[PDB]
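Heads up, the chain shows up twice below as structure tokens, two forms, tagged structure 1 and structure 2.
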Structure 1
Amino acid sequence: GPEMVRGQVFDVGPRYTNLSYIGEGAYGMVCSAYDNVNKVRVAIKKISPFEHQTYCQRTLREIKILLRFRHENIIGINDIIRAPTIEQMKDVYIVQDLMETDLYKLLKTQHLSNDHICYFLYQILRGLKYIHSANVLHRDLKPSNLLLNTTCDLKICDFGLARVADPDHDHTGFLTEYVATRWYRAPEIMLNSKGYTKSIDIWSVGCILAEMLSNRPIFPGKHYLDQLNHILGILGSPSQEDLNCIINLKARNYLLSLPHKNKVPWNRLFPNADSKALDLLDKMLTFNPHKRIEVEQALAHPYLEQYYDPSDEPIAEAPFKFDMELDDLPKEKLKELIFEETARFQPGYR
């Protein structure tokens, strides 16, 4: 019979053995394992998405995207295990290289030097450049999604909320609401909840930069509108111009109902941070998404000048187009598509 972890079957042998629990989520259960064929340590996620249309939709997206991406700062998929027939496929196992830690864990135990902050930010943005060049929005960047080895190599993982948004087509009104993790959620996810852009990822990165500078979240809202209050208590009330760029009448009126708050200077929040870092932080944590720095300009900022090298920063050969987005399909059809997409890894070992 198959190996078992905390009561859960983990049917990944004989290739992968010696399973150890790492964690679970809405995303499913993760274990470390040893790959006996390649003689390397791996992480394996067990997913059981097939009863829920939204879970299928997200599994197909994550798999399609990561199988097509090839970049040093994005975690690859090594293998995918599932049953040899569609009727028997209840579970899917995704295998990746095992990383030592993540940025969340690291910031619980360790004040980082400016050098490490600077180098981590470079790699986050280097990977994000590739991701945004493909027309993908990540939509869930946060410290626990940034995997690291102690060699200081960093990889972005967790593409479960990711999607394609082809810029030939206006997606206003058609994007999923309530994306990102609360503390890392851009204001326009609250105020333009169906019409936000890839700029939401730059915001998340700004939140991550702030956390690396101080070892605590910058906007720790306890709930949905309290998040926006935290944001506004640092940034101040938006300018008249910024308010006028908010098309949703209801959201702009909600803002106009709020009591005035003043901008708190970045150097009063971060008295010992490098000034270039704070300047870049400001540009990422800009309220108006149309004024927020974009990934290439962030990379080109003076804070990152010792790493910025557009000849060693790959972009996607073949950006995703609108074709790859019509995945709003019955969950049985999505299952068929997941089966097809994983077939390249069949057969698996006994």
Structure 2
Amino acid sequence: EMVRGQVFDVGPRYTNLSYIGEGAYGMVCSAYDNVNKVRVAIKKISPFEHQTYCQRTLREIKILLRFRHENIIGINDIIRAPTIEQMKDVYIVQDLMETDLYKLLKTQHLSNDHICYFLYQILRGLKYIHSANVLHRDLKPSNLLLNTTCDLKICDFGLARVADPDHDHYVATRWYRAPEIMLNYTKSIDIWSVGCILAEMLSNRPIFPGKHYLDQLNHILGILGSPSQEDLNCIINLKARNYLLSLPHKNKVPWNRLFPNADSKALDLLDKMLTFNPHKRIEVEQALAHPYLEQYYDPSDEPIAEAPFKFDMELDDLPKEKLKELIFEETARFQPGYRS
């Protein structure tokens, strides 16, 4: 039960614990499933002190328990105390994945073939997510779990939202953040992130590594060049479209100059994914149909959602006590004596 001066309490089913890269809300550890005769990953989460942590925990649980797809990480089991009073830390059991794209990029330059089929697997899972009317909102290499070159799964659905183009009023990982987010809930923001990931696979480094959001914008415009009047007019929040302007005018740096060693089809697709204007940005079914992925594209082998997702209760304004109860309810199916 003991792991590095801290209780884990995931017995007696899960044993032979071994500490691995710890998460944010608690920690992550490997374990042997005595029931399934295989090693698994267990994610200890203690979100109950703070409201946001409770949103992200509940968000990921509802989404992942409903989703069933080869390129999306699943939830095998949830370990938790019998009563609400007793539980402070939730345990989530998932398939063990050897590494992630972030780690893999630190150690290896990727071949065009490996990049191509990685890109396919991401978009395949994304197709499922978007067909369910769900946004991931935080795609990046570290959220792409890997076992082999043929085994990629998308994880961390804490920031996942149901799509809502008309939702106008916390933010995603900066380097992979779409320009419309920083200037003024659409599927286009996910394609942008993927574009950033594709660029990163092609050169083993972030394409837009800003220090903060204004600098993030400068990096983006530094490659794409100064936005047209067309793209300018779609910036609804003044002090942006009329912030800069002043705009040390920049020319569009050609993709083939940034990535001289890359497949021209990859750069073409990369170009469609990283278009400034979100309304002109390529969609997930179109990206899959792009020539660069023609050797893998197969609509008959790309499952979609049975029913477009909708949160039965809308969580944004609810207190952390109400969240704990909703978390308690959602995880009840994994408890002994569960009815209905």
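Numbers given to residues start at 1 and step along the sequence of structure 1. For the two forms, the rigid core is made up of the largest set of C-alpha atoms that agree within 1.5 Å on superposition.
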Only one of 66, 316, 304, 324 shifts its Cα by 2 Å or more between structure 1 and structure 2 once the rigid core is superposed, namely 324
Q) Core aligned, does the CA of residue 242 move at least 2 Å between structure 1 and structure 2? A) no
>> If I superpose the two forms on their rigid core, does the C-alpha of residue 24 end up displaced by 2 Å or more between structure 1 and structure 2?
In response: yes
(Q) Quick check on residue 166: with the core superposed, does its CA move 2 angstroms or more between structure 1 and structure 2? (A) yes
Aligning on the rigid core, one finds that residue 258 shifts at its CA between structure 1 and structure 2, in Å, by 2.6
When only the core is superposed, residue 225 shows a C-alpha shift between structure 1 and structure 2 in angstrom of 1.1
